[PDB]
$ cat entry.cif   # mmCIF, C-alpha atoms and all ligand atoms
data_query
#
loop_
_atom_site.label_atom_id
_atom_site.label_comp_id
_atom_site.auth_asym_id
_atom_site.auth_seq_id
_atom_site.Cartn_x
_atom_site.Cartn_y
_atom_site.Cartn_z
CA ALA A 75 -0.54 42.42 1.17
CA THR A 76 1.53 42.19 4.35
CA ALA A 77 4.42 44.18 2.87
CA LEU A 78 2.01 46.82 1.57
CA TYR A 79 0.25 47.17 4.91
CA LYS A 80 3.47 47.36 6.93
CA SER A 81 4.69 49.96 4.44
CA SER A 82 1.49 51.97 4.88
CA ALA A 83 1.81 51.76 8.67
CA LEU A 84 5.39 53.01 8.40
CA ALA A 85 4.16 55.83 6.17
CA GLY A 86 1.59 56.52 8.87
CA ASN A 87 4.40 57.17 11.35
CA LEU A 88 6.01 59.58 8.89
CA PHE A 89 2.74 61.51 8.74
CA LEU A 90 2.54 61.51 12.54
CA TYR A 91 6.00 63.06 12.65
CA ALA A 92 5.18 65.56 9.91
CA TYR A 93 1.83 66.46 11.46
CA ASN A 94 3.73 67.12 14.71
CA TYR A 95 7.00 68.33 13.19
CA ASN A 96 7.23 71.56 15.18
CA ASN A 97 6.89 69.70 18.48
CA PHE A 98 9.30 66.85 17.71
CA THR A 99 11.85 69.36 16.40
CA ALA A 100 11.75 72.28 18.85
CA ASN A 101 10.50 70.79 22.13
CA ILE A 102 13.46 69.18 23.89
CA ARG A 103 11.18 66.90 25.89
CA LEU A 104 10.69 65.00 22.61
CA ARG A 105 14.36 64.96 21.60
CA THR A 106 14.71 61.20 22.06
CA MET A 107 11.98 60.64 19.48
CA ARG A 108 13.60 63.12 17.10
CA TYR A 109 16.93 61.31 17.47
CA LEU A 110 15.75 57.68 17.39
CA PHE A 111 12.63 57.87 15.22
CA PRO A 112 14.74 57.36 12.05
CA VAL A 113 16.71 54.49 13.60
CA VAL A 114 13.43 52.73 14.39
CA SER A 115 12.11 53.66 10.95
CA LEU A 116 15.10 52.08 9.21
CA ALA A 117 14.87 48.95 11.36
CA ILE A 118 11.20 48.73 10.37
CA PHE A 119 11.97 49.27 6.68
CA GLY A 120 14.72 46.67 6.91
CA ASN A 121 12.35 44.03 8.23
CA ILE A 122 9.78 44.84 5.54
CA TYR A 123 12.28 44.69 2.67
CA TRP A 124 14.28 41.80 4.13
CA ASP A 125 11.20 39.58 4.17
CA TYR A 126 10.12 40.67 0.69
CA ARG A 127 13.64 40.20 -0.66
CA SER A 128 14.09 36.76 0.91
CA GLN A 129 10.68 35.59 -0.30
CA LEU A 130 11.57 36.84 -3.78
CA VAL A 131 14.82 34.87 -3.84
CA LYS A 132 13.13 31.65 -2.76
CA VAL A 133 10.35 31.97 -5.34
CA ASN A 134 12.97 32.31 -8.07
CA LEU A 135 14.93 29.31 -6.78
CA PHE A 136 11.72 27.26 -6.74
CA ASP A 137 10.75 28.29 -10.27
CA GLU A 138 14.14 27.54 -11.82
CA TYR A 139 14.34 24.07 -10.24
CA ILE A 140 10.97 22.68 -11.35
CA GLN A 141 11.79 23.76 -14.91
CA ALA A 142 15.24 22.15 -14.87
CA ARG A 143 14.19 18.99 -13.04
CA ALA A 144 11.20 18.59 -15.36
CA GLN A 145 13.33 18.54 -18.51
CA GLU A 146 15.61 15.90 -16.97
CA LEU A 147 12.63 13.63 -16.35
CA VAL A 148 11.31 14.12 -19.88
CA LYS B 56 -1.03 122.61 25.38
CA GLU B 57 -2.36 119.08 25.88
CA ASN B 58 -4.23 119.16 22.56
CA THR B 59 -0.92 119.79 20.76
CA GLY B 60 0.40 116.38 21.83
CA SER B 61 1.53 113.75 19.33
CA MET B 62 2.34 110.03 19.25
CA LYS B 63 5.63 108.30 18.50
CA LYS B 64 5.89 105.56 15.91
CA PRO B 65 5.90 102.16 17.65
CA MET B 66 7.75 99.05 16.57
CA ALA B 67 6.31 97.14 13.63
CA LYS B 68 6.25 93.71 15.27
CA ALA B 69 7.82 91.57 17.96
CA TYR B 70 9.47 88.18 17.51
CA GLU B 71 7.44 85.54 15.68
CA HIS B 72 8.33 82.05 16.85
CA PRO B 73 8.77 79.76 13.81
CA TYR B 74 7.63 76.62 15.67
CA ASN B 75 4.58 77.70 17.71
CA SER B 76 1.08 78.06 16.30
CA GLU B 77 -2.43 78.27 17.70
CA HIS B 78 -3.41 74.89 16.21
CA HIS B 79 -0.03 73.19 16.77
CA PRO B 80 1.13 74.71 20.07
CA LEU B 81 4.73 73.87 20.86
CA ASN B 82 4.28 73.27 24.59
CA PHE B 83 1.74 70.90 26.10
CA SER B 84 -1.10 71.39 28.56
CA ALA B 85 -4.46 69.87 29.37
CA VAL B 86 -6.13 73.04 28.07
CA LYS B 87 -5.37 72.28 24.43
CA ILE B 88 -6.35 68.63 24.89
CA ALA B 89 -9.68 69.89 26.21
CA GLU B 90 -10.24 71.96 23.08
CA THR B 91 -9.45 68.99 20.84
CA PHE B 92 -11.69 66.77 22.97
CA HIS B 93 -14.79 68.97 22.89
CA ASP B 94 -14.28 69.41 19.15
CA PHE B 95 -14.44 65.61 18.86
CA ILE B 96 -17.50 64.91 21.02
CA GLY B 97 -19.02 68.09 19.64
CA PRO B 98 -20.96 70.71 21.55
CA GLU B 99 -23.82 69.97 23.88
CA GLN B 100 -26.65 68.35 21.92
CA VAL B 101 -29.49 70.65 22.94
CA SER B 102 -32.96 69.18 22.47
CA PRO B 103 -35.80 71.54 21.47
CA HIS B 104 -38.47 69.08 22.60
CA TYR B 105 -40.73 69.07 25.65
CA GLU B 106 -40.12 65.41 26.51
CA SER B 107 -37.02 63.25 26.39
CA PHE B 108 -36.48 60.94 23.44
CA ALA B 109 -36.47 57.72 25.46
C1 LIG C 1 -17.18 54.76 8.03
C2 LIG C 1 -16.53 54.38 6.70
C3 LIG C 1 -15.09 53.97 6.97
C4 LIG C 1 -14.18 54.47 5.85
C5 LIG C 1 -12.73 54.33 6.30
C6 LIG C 1 -11.97 55.63 6.04
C7 LIG C 1 -12.28 56.58 7.19
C8 LIG C 1 -11.72 57.98 6.92
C9 LIG C 1 -10.20 57.95 6.99
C10 LIG C 1 -9.70 59.32 7.45
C11 LIG C 1 -8.23 59.24 7.86
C12 LIG C 1 -7.32 59.20 6.64
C13 LIG C 1 -7.29 60.58 5.96
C14 LIG C 1 -7.32 60.40 4.45
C15 LIG C 1 -7.43 61.76 3.75
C16 LIG C 1 -8.82 62.35 3.95
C17 LIG C 1 -8.80 63.83 3.60
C18 LIG C 1 -8.73 64.63 4.89
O1 LIG C 1 -7.71 64.69 5.49
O2 LIG C 1 -9.87 65.28 5.38
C19 LIG C 1 -10.03 66.59 4.91
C20 LIG C 1 -8.87 67.49 5.32
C21 LIG C 1 -9.36 68.60 6.24
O3 LIG C 1 -9.86 68.05 7.43
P1 LIG C 1 -11.27 68.64 8.04
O4 LIG C 1 -12.03 67.53 8.71
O5 LIG C 1 -12.11 69.25 6.95
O6 LIG C 1 -10.90 69.79 9.15
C22 LIG C 1 -9.72 69.62 9.86
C23 LIG C 1 -9.47 70.81 10.77
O7 LIG C 1 -9.40 71.98 10.01
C24 LIG C 1 -8.14 70.61 11.50
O8 LIG C 1 -7.08 70.61 10.59
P2 LIG C 1 -5.97 69.39 10.68
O9 LIG C 1 -4.98 69.53 9.55
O10 LIG C 1 -5.23 69.47 11.99
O11 LIG C 1 -6.73 67.94 10.56
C25 LIG C 1 -5.99 66.82 10.19
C26 LIG C 1 -6.93 65.84 9.49
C27 LIG C 1 -6.43 65.59 8.06
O12 LIG C 1 -5.05 65.40 8.04
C28 LIG C 1 -4.49 65.40 6.75
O13 LIG C 1 -3.74 66.25 6.43
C29 LIG C 1 -4.87 64.31 5.75
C30 LIG C 1 -3.61 63.60 5.26
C31 LIG C 1 -3.47 62.24 5.96
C32 LIG C 1 -2.43 61.39 5.23
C33 LIG C 1 -2.48 59.93 5.70
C34 LIG C 1 -1.07 59.34 5.64
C35 LIG C 1 -0.65 59.12 4.19
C36 LIG C 1 0.83 59.43 4.01
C37 LIG C 1 1.11 59.77 2.55
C38 LIG C 1 1.10 58.52 1.68
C39 LIG C 1 1.33 58.92 0.23
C40 LIG C 1 1.55 57.67 -0.63
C41 LIG C 1 1.87 58.04 -2.08
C42 LIG C 1 3.17 58.83 -2.22
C43 LIG C 1 3.28 59.34 -3.65
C44 LIG C 1 4.47 60.29 -3.79
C45 LIG C 1 5.78 59.51 -3.79
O14 LIG C 1 -7.02 64.66 10.24
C46 LIG C 1 -6.02 63.71 10.03
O15 LIG C 1 -4.89 64.00 10.20
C47 LIG C 1 -6.39 62.30 9.59
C48 LIG C 1 -5.24 61.35 9.90
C49 LIG C 1 -5.76 59.92 9.98
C50 LIG C 1 -4.89 59.08 10.92
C51 LIG C 1 -3.61 58.63 10.23
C52 LIG C 1 -2.78 57.86 11.25
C53 LIG C 1 -1.70 57.02 10.57
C54 LIG C 1 -1.03 56.11 11.59
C55 LIG C 1 -1.79 54.80 11.70
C56 LIG C 1 -1.41 53.90 10.53
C57 LIG C 1 -2.49 52.85 10.32
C58 LIG C 1 -2.33 52.14 8.98
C59 LIG C 1 -3.04 52.90 7.86
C60 LIG C 1 -2.24 54.11 7.39
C61 LIG C 1 -2.56 54.40 5.92
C62 LIG C 1 -1.57 55.43 5.37
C63 LIG C 1 -1.61 55.37 3.84
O16 LIG C 1 -8.31 68.06 4.18
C64 LIG C 1 -6.99 68.49 4.29
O17 LIG C 1 -6.37 68.31 5.29
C65 LIG C 1 -6.34 69.19 3.11
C66 LIG C 1 -4.83 68.92 3.08
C67 LIG C 1 -4.21 69.77 1.97
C68 LIG C 1 -2.69 69.64 1.94
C69 LIG C 1 -2.25 68.18 2.05
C70 LIG C 1 -0.80 68.06 1.60
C71 LIG C 1 -0.38 66.60 1.63
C72 LIG C 1 -0.15 66.15 3.07
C73 LIG C 1 0.51 64.78 3.06
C74 LIG C 1 1.26 64.52 4.36
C75 LIG C 1 2.62 63.91 4.05
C76 LIG C 1 3.16 63.20 5.28
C77 LIG C 1 4.65 62.88 5.13
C78 LIG C 1 4.92 62.00 3.91
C79 LIG C 1 4.40 60.59 4.14
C80 LIG C 1 4.64 59.76 2.88
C81 LIG C 1 5.99 59.07 2.98
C1 LIG C 2 -31.05 44.53 10.20
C2 LIG C 2 -31.81 45.31 11.26
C3 LIG C 2 -30.86 45.66 12.40
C4 LIG C 2 -30.82 47.17 12.66
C5 LIG C 2 -32.22 47.72 12.95
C6 LIG C 2 -32.14 49.19 13.34
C7 LIG C 2 -32.10 49.33 14.85
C8 LIG C 2 -30.96 50.24 15.27
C9 LIG C 2 -31.15 50.59 16.75
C10 LIG C 2 -31.14 52.10 16.97
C11 LIG C 2 -32.29 52.50 17.90
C12 LIG C 2 -32.46 54.01 17.84
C13 LIG C 2 -31.22 54.67 18.43
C14 LIG C 2 -31.66 55.82 19.33
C15 LIG C 2 -30.53 56.32 20.22
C16 LIG C 2 -29.84 55.22 21.02
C17 LIG C 2 -30.82 54.48 21.94
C18 LIG C 2 -31.20 55.39 23.11
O1 LIG C 2 -31.89 54.98 23.98
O2 LIG C 2 -30.71 56.70 23.15
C19 LIG C 2 -31.39 57.55 24.03
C20 LIG C 2 -30.73 57.49 25.40
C21 LIG C 2 -31.37 58.52 26.33
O3 LIG C 2 -32.45 59.12 25.66
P1 LIG C 2 -32.65 60.74 25.75
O4 LIG C 2 -34.05 61.02 26.23
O5 LIG C 2 -32.44 61.37 24.39
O6 LIG C 2 -31.58 61.38 26.82
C22 LIG C 2 -32.07 62.27 27.77
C23 LIG C 2 -31.01 62.54 28.82
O7 LIG C 2 -29.96 63.29 28.27
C24 LIG C 2 -30.49 61.18 29.29
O8 LIG C 2 -29.93 61.26 30.57
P2 LIG C 2 -30.89 61.67 31.85
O9 LIG C 2 -30.40 60.98 33.10
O10 LIG C 2 -30.83 63.17 32.05
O11 LIG C 2 -32.45 61.23 31.53
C25 LIG C 2 -32.92 59.93 31.80
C26 LIG C 2 -31.97 58.84 31.30
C27 LIG C 2 -31.71 57.84 32.42
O12 LIG C 2 -31.16 56.66 31.90
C28 LIG C 2 -29.84 56.78 31.46
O13 LIG C 2 -29.33 57.84 31.34
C29 LIG C 2 -29.04 55.52 31.12
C30 LIG C 2 -27.74 55.53 31.91
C31 LIG C 2 -26.60 55.01 31.04
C32 LIG C 2 -25.29 55.70 31.42
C33 LIG C 2 -24.71 55.13 32.71
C34 LIG C 2 -23.20 54.96 32.55
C35 LIG C 2 -22.94 53.83 31.55
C36 LIG C 2 -22.37 54.36 30.24
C37 LIG C 2 -20.85 54.39 30.28
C38 LIG C 2 -20.36 54.36 28.83
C39 LIG C 2 -20.02 52.92 28.47
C40 LIG C 2 -19.99 52.76 26.95
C41 LIG C 2 -18.79 53.43 26.29
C42 LIG C 2 -17.45 52.83 26.74
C43 LIG C 2 -16.91 51.82 25.74
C44 LIG C 2 -16.68 52.43 24.37
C45 LIG C 2 -17.63 51.80 23.35
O14 LIG C 2 -32.49 58.18 30.17
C46 LIG C 2 -33.64 57.41 30.37
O15 LIG C 2 -34.70 57.93 30.45
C47 LIG C 2 -33.54 55.89 30.48
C48 LIG C 2 -32.47 55.35 29.53
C49 LIG C 2 -33.11 54.83 28.25
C50 LIG C 2 -33.77 53.46 28.48
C51 LIG C 2 -32.76 52.34 28.74
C52 LIG C 2 -31.90 52.07 27.51
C53 LIG C 2 -30.79 51.10 27.92
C54 LIG C 2 -29.84 50.77 26.77
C55 LIG C 2 -29.18 52.03 26.22
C56 LIG C 2 -27.66 51.90 26.27
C57 LIG C 2 -27.19 50.74 25.40
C58 LIG C 2 -26.39 49.77 26.28
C59 LIG C 2 -25.61 48.79 25.41
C60 LIG C 2 -26.56 47.80 24.73
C61 LIG C 2 -25.99 47.34 23.39
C62 LIG C 2 -25.32 45.98 23.57
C63 LIG C 2 -24.14 45.85 22.60
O16 LIG C 2 -29.38 57.78 25.25
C64 LIG C 2 -28.57 57.07 26.14
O17 LIG C 2 -28.84 57.02 27.29
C65 LIG C 2 -27.33 56.35 25.61
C66 LIG C 2 -27.57 55.90 24.18
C67 LIG C 2 -26.53 54.84 23.80
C68 LIG C 2 -27.20 53.69 23.06
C69 LIG C 2 -26.14 52.90 22.29
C70 LIG C 2 -26.77 51.67 21.66
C71 LIG C 2 -27.52 52.07 20.40
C72 LIG C 2 -28.38 50.90 19.94
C73 LIG C 2 -29.84 51.16 20.30
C74 LIG C 2 -30.64 49.86 20.20
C75 LIG C 2 -31.60 49.76 21.37
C76 LIG C 2 -30.88 49.29 22.63
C77 LIG C 2 -30.52 47.81 22.53
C78 LIG C 2 -29.97 47.34 23.88
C79 LIG C 2 -30.93 46.36 24.54
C80 LIG C 2 -30.50 46.09 25.98
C81 LIG C 2 -31.73 45.98 26.88
#

$ encode --input "entry.cif" --output "structure tokens" --more "lines below"
Ligand SMILES: CCCCCCCCCCCCCCCCCC(=O)OC[C@H](COP(=O)([O-])OCC(O)COP(=O)([O-])OC[C@@H](COC(=O)CCCCCCCCCCCCCCCCC)OC(=O)CCCCCCCCCCCCCCCCC)OC(=O)CCCCCCCCCCCCCCCCC
Ligand SMILES: CCCCCCCCCCCCCCCCCC(=O)OC[C@H](COP(=O)([O-])OCC(O)COP(=O)([O-])OC[C@@H](COC(=O)CCCCCCCCCCCCCCCCC)OC(=O)CCCCCCCCCCCCCCCCC)OC(=O)CCCCCCCCCCCCCCCCC
Amino acid sequence: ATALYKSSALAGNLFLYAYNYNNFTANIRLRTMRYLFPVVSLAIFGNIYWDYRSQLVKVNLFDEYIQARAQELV
Amino acid sequence: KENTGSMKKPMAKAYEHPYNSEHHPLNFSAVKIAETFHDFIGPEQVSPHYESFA
């Protein structure tokens, strides 16, 4: 749920840039956003996927241990 | 002699900016924000009644 929301909020920023594409692209007063919007977008994507990826690794480590340790105790 | 006058063919069109529109104006001002604001709050809610609602 958290990864899906943060992905939808990131997609919301992409709409905000598309809805205002002509201004972010042609008006030089907004050049810094045009230049650094994707850097911030990647850093946001990285945090979203990093957390999902790390959580995924831990869940798989947890699942493979309880199965192995259980058979030893049997 | 004046009635015999004619008219030259003018240019077809001037330059069309590819990044300025009436709804998405390129440059900023408080005039366009006013248009978007009064479209949000809507026009004056005119009452047809003889007494106020309250
Ligand atoms: C009380 C009950 C409560 C219920 C709760 C719900 C409340 C209602 C919610 C309303 C807000 C959400 C809008 C949902 C759609 C509703 C339909 C609608 O818009 O109204 C009718 C609307 C007309 O509006 P109107 O009121 O009749 O008159 C408007 C005036 O004429 C003036 O014309 P105008 O064009 O200037 O008007 C624009 C109009 C309509 O603007 C639009 O064009 C509607 C499109 C909005 C898209 C929302 C972002 C979604 C991004 C795409 C995700 C796709 C995922 C799947 C991808 C699959 C493919 C791989 O207003 C908006 O822009 C609404 C924007 C809402 C704010 C969004 C802010 C996001 C940042 C905050 C994030 C917060 C987290 C949540 C974010 C959730 C995102 C999922 O219909 C249309 O616009 C037709 C559009 C036809 C062509 C669309 C082509 C697709 C465009 C996609 C953009 C792609 C962006 C870049 C890619 C991003 C993906 C990576
Ligand atoms: C499960 C069941 C549960 C649900 C059951 C269903 C019940 C749902 C309830 C709905 C009731 C029906 C709704 C009808 C419309 C809204 C009510 C209303 O009075 O509208 C007409 C009323 C004026 O009536 P009018 O005759 O059509 O206007 C003629 C002139 O244009 C007006 O201007 P004028 O100067 O040319 O003419 C004279 C003007 C002179 O008086 C005035 O103009 C009043 C001056 C106020 C403006 C001063 C600046 C302050 C405002 C700044 C904005 C701050 C808020 C926004 C910023 C934050 C963003 C949220 O009006 C008057 O004659 C006296 C004022 C009316 C009597 C006093 C009412 C006081 C409370 C109304 C405001 C609510 C305050 C918040 C309370 C809620 C607590 C959470 O409109 C307003 O003044 C503002 C309405 C905003 C009301 C919002 C709250 C809605 C809930 C209503 C429930 C009843 C009040 C409960 C509060 C109890 C505290 C004691």

$ closest_atom_pairs --input "entry.cif" --of "chain A" --to "ligand LIG 1 (chain C)" --cutoff "8 Å" --atoms "only C-alpha atoms and all ligand atoms" --output "CSV"
residue,atom,partner,partner_atom,distance
A:79,CA,C:LIG1,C58,6.9
A:80,CA,C:LIG1,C58,7.8
A:82,CA,C:LIG1,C62,4.6
A:83,CA,C:LIG1,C58,4.2
A:84,CA,C:LIG1,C56,7.2
A:85,CA,C:LIG1,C81,4.9
A:86,CA,C:LIG1,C53,3.7
A:87,CA,C:LIG1,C54,5.5
A:88,CA,C:LIG1,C79,5.1
A:89,CA,C:LIG1,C76,3.9
A:90,CA,C:LIG1,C53,6.5
A:91,CA,C:LIG1,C77,7.6
A:92,CA,C:LIG1,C77,5.5
A:93,CA,C:LIG1,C76,7.1

$ interface_residues --input "entry.cif" --of "chain A" --to "chain B" --cutoff "10 Å" --atoms "all atoms listed in the file" --output "count of residues only"
10

$ atom_distance --input "entry.cif" --atom1 "atom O14 of ligand LIG 2 (chain C)" --atom2 "atom CA of residue B:109"
6.2 Å

$ residues_near_ligand --input "entry.cif" --ligand "ligand LIG 2 (chain C)" --cutoff "12 Å" --atoms "only C-alpha atoms and all ligand atoms" --output "list in words"
residues 99, 100, 101, 102, 103, 104, 105, 106, 107, 108 and 109 of chain B

$ atom_distance --input "entry.cif" --atom1 "atom CA of residue A:145" --atom2 "atom CA of residue A:132"
20.5 Å

$ axis_aligned_box --input "entry.cif" --around "stretch 111-127 of chain A" --padding-each-side "4 Å" --output "AutoDock Vina command-line options"
--center_x 13.2 --center_y 48.7 --center_z 7.3 --size_x 14.9 --size_y 26.3 --size_z 23.9

$ decode --input "entry.cif" --residues "stretch 64-88 of chain B" --atoms "N, CA, C and O atoms" --output "tab-separated table (two decimals), in the first residue's frame"
chain	number	residue	atom	x	y	z
B	64	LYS	N	-2.81	41.29	-52.07
B	64	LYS	CA	-2.98	40.08	-51.29
B	64	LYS	C	-2.10	40.13	-50.05
B	64	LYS	O	-0.87	40.24	-50.18
B	65	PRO	N	-2.66	40.06	-48.84
B	65	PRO	CA	-1.83	40.12	-47.64
B	65	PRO	C	-1.21	38.76	-47.34
B	65	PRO	O	-1.48	37.76	-47.99
B	66	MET	N	-0.36	38.75	-46.32
B	66	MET	CA	0.26	37.51	-45.89
B	66	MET	C	-0.79	36.57	-45.32
B	66	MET	O	-1.82	36.99	-44.80
B	67	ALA	N	-0.50	35.27	-45.41
B	67	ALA	CA	-1.46	34.27	-44.95
B	67	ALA	C	-1.55	34.26	-43.43
B	67	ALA	O	-2.65	34.22	-42.87
B	68	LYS	N	-0.41	34.30	-42.74
B	68	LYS	CA	-0.40	34.21	-41.29
B	68	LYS	C	0.96	34.66	-40.78
B	68	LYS	O	1.96	34.64	-41.51
B	69	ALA	N	0.98	35.07	-39.52
B	69	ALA	CA	2.21	35.42	-38.84
B	69	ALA	C	2.75	34.19	-38.11
B	69	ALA	O	2.27	33.07	-38.30
B	70	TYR	N	3.75	34.39	-37.26
B	70	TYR	CA	4.35	33.28	-36.54
B	70	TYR	C	3.39	32.77	-35.47
B	70	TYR	O	2.74	33.55	-34.77
B	71	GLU	N	3.31	31.45	-35.36
B	71	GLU	CA	2.49	30.79	-34.34
B	71	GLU	C	3.44	30.15	-33.34
B	71	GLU	O	4.17	29.21	-33.68
B	72	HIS	N	3.44	30.66	-32.12
B	72	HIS	CA	4.34	30.15	-31.10
B	72	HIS	C	3.92	28.74	-30.70
B	72	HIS	O	2.75	28.52	-30.36
B	73	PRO	N	4.82	27.76	-30.73
B	73	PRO	CA	4.44	26.38	-30.42
B	73	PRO	C	4.35	26.06	-28.93
B	73	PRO	O	4.14	24.89	-28.59
B	74	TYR	N	4.50	27.05	-28.05
B	74	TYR	CA	4.48	26.80	-26.62
B	74	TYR	C	3.68	27.85	-25.86
B	74	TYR	O	3.88	28.01	-24.65
B	75	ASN	N	2.79	28.58	-26.53
B	75	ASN	CA	1.90	29.52	-25.87
B	75	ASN	C	0.49	29.27	-26.35
B	75	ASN	O	0.24	29.18	-27.56
B	76	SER	N	-0.44	29.14	-25.41
B	76	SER	CA	-1.84	28.95	-25.71
B	76	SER	C	-2.67	29.84	-24.80
B	76	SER	O	-2.16	30.43	-23.84
B	77	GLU	N	-3.95	29.94	-25.11
B	77	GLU	CA	-4.84	30.78	-24.32
B	77	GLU	C	-5.13	30.14	-22.97
B	77	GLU	O	-5.28	30.85	-21.97
B	78	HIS	N	-5.21	28.81	-22.91
B	78	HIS	CA	-5.47	28.11	-21.66
B	78	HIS	C	-4.19	27.82	-20.88
B	78	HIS	O	-4.22	27.83	-19.64
B	79	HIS	N	-3.08	27.57	-21.57
B	79	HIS	CA	-1.78	27.36	-20.94
B	79	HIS	C	-0.83	28.47	-21.40
B	79	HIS	O	0.09	28.22	-22.19
B	80	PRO	N	-1.04	29.70	-20.94
B	80	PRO	CA	-0.15	30.78	-21.33
B	80	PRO	C	1.26	30.56	-20.82
B	80	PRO	O	1.48	30.15	-19.68
B	81	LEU	N	2.24	30.84	-21.69
B	81	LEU	CA	3.63	30.60	-21.35
B	81	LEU	C	4.08	31.46	-20.18
B	81	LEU	O	4.61	30.95	-19.18
B	82	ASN	N	3.86	32.76	-20.27
B	82	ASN	CA	4.28	33.69	-19.24
B	82	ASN	C	3.19	33.86	-18.18
B	82	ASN	O	2.00	33.61	-18.43
B	83	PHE	N	3.60	34.30	-17.00
B	83	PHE	CA	2.75	34.34	-15.83
B	83	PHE	C	2.33	35.77	-15.50
B	83	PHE	O	3.09	36.72	-15.71
B	84	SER	N	1.12	35.89	-14.96
B	84	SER	CA	0.60	37.15	-14.47
B	84	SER	C	-0.55	36.83	-13.52
B	84	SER	O	-1.06	35.72	-13.50
B	85	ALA	N	-0.93	37.84	-12.73
B	85	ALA	CA	-2.07	37.68	-11.84
B	85	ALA	C	-3.39	37.73	-12.59
B	85	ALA	O	-4.43	37.41	-11.99
B	86	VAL	N	-3.39	38.11	-13.86
B	86	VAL	CA	-4.62	38.17	-14.63
B	86	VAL	C	-5.14	36.77	-14.92
B	86	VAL	O	-6.34	36.50	-14.79
B	87	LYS	N	-4.25	35.86	-15.31
B	87	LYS	CA	-4.68	34.50	-15.61
B	87	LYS	C	-5.06	33.76	-14.34
B	87	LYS	O	-5.98	32.93	-14.36
B	88	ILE	N	-4.37	34.04	-13.23
B	88	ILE	CA	-4.75	33.44	-11.96
B	88	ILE	C	-6.13	33.91	-11.53
B	88	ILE	O	-6.88	33.17	-10.90
